Ligand SMILES: CC(=O)N[C@H]1[C@H]([C@H](O)[C@H](O)CO)O[C@@](O)(C(=O)O)C[C@@H]1O
């Protein structure tokens, strides 16, 4: 596997990299992103977001800082936890959470986190240049239906999707003040104007749900989400673009995640040549438990053959994760090719998994 972001050799002299993201572009360009965790693995620290771009199918890469933090606090200013999407115009949108003080985004404050915002950039030239940062939360002009009891929110970490009519959907995660406690939930946001403005959906049925992605399936939204301390990824389905949700049994509880906290993973849809819609999930098996997050595996479900049990396809990272921060991953599927980026001992690694997709496609 290629070391895409190397803690021991990078142009920022960063000590650590976390939270990878990948988009396979329609023209075969590969675009990735990662947190630049300059001073170490910590979440609550000084972080920018890098991009790495390749025009030779992953052989070589051009590196840039795609988004800088607000530069207010030399210890705690951070933009992090990328969620991306490619719209039907080819626009590439990146949404990140932004803070500049110590303390977990969801649980530190009982009121709206005052240094918290969601920042968005977009590229109309296939990832070469980015807009200025657009602040989606400083006023009420960009995101409709944000709850009054919001402590904070950000993207689901991974990729969004496009519905049939071109509606853009982003997975998201929110922290809500409820009966003198902070509870966190997954949900989605969507845009009907190519990302300029958004509407927030409503929360999923269980708290302790956070990082997630959704796929589209015949107008429905199906979520696979990190469900902390349950031991598995939860799954929900919405038939009204994220306004209501119910448990989606074929995937709910089917990907096990070991003892302890959950972990981010990715969840994408492919259509094989026989017309079947399949779901692919990347996540650590975490057989050793808690933050070890060993064995980042890729799983497959066939939505047109649901009596067939979820199958482990391969394990792209058959190793223990680093307890300081590891386990995260992101798949991207486009034009019968499949790629993954993932955390690997403080680095980000890259693999082309298209040979495994060919095995599934049976051609
Ligand atoms: C904004 C933020 O803190 N993001 C981080 C989340 C949250 O801390 C948890 O989901 C609890 O909220 O989890 C990580 O620490 C993890 O599990 O490896 C990494 C990620 O960057």
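In UniProt numbering, the protein residues as written are 20 to 382.
We treat Cβ as the ideally placed atom computed from N, Cα and C, and that holds for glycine.
Check: Below 8 Å, is the gap between the Cβ of residue 38 and the nearest heavy atom of ligand 1?; Outcome: yes
Check: Determine the DSSP secondary structure at residue 58, reduced to helix, strand or coil.; Outcome: coil
Check: I'd like to check one pair, residue 346 with residue 302: are the Cβ atoms closer than 9 Å?; Outcome: yes
Check: How close, in whole Å, do the beta carbons of residue 374 and residue 359 come, if the pair is a contact with beta carbons under 8 Å?; Outcome: Not quite, the Cβ-Cβ distance comes to about 12 Å (not below 8 Å), so this is no contact.
Check: What three-state label does DSSP hand residue 373 in the structure shown?; Outcome: helix
Check: Quick check on residue 124: buried or exposed, where buried means 16 or more other Cβ atoms within 10 Å of its Cβ?; Outcome: buried
Check: Classify residue 165 as buried or exposed, calling it buried when 16 or more other Cβ atoms lie within 10 Å of its own Cβ.; Outcome: buried
Check: What residue from 338, 352 and 365 has the CA that sits closest to residue 177's CA?; Outcome: 352
Check: Is the Cβ-Cβ distance between residue 264 and residue 242 less than 9 Å?; Outcome: yes
Check: For residue 321 versus residue 339, is the C-beta spacing smaller than 9 Å?; Outcome: no
Check: Count the other CB atoms, across all protein chains shown, that sit within 10 Å of the CB of residue 256; report buried if there are 16 or more and exposed otherwise.; Outcome: buried
Check: What three-state label does DSSP hand residue 114 in the structure shown?; Outcome: strand
Check: Out of curiosity, what's the CA-to-CA distance linking residue 122 and residue 318?; Outcome: 34 Å
Check: I'd like the list of long-range same chain contacts for residue 162, defined as Cβ closer than 7 Å, with 5 residues on each side in sequence excluded.; Outcome: 155, 156, 208, 217 and 219
Check: Where do the ends of the beta strand (DSSP E) carrying residue 330 lie?; Outcome: 330 to 336
Check: Could you work out which residue in 253, 337 and 356 is closest to residue 368 when comparing CA atoms only?; Outcome: 337
Check: Buried or exposed: residue 119, going by 16 or more other Cβ atoms within 10 Å of its Cβ?; Outcome: buried
Check: Given the structure, does residue 205 come close to ligand 1, in the sense that its CB is under 8 Å from one of the ligand's heavy atoms?; Outcome: no
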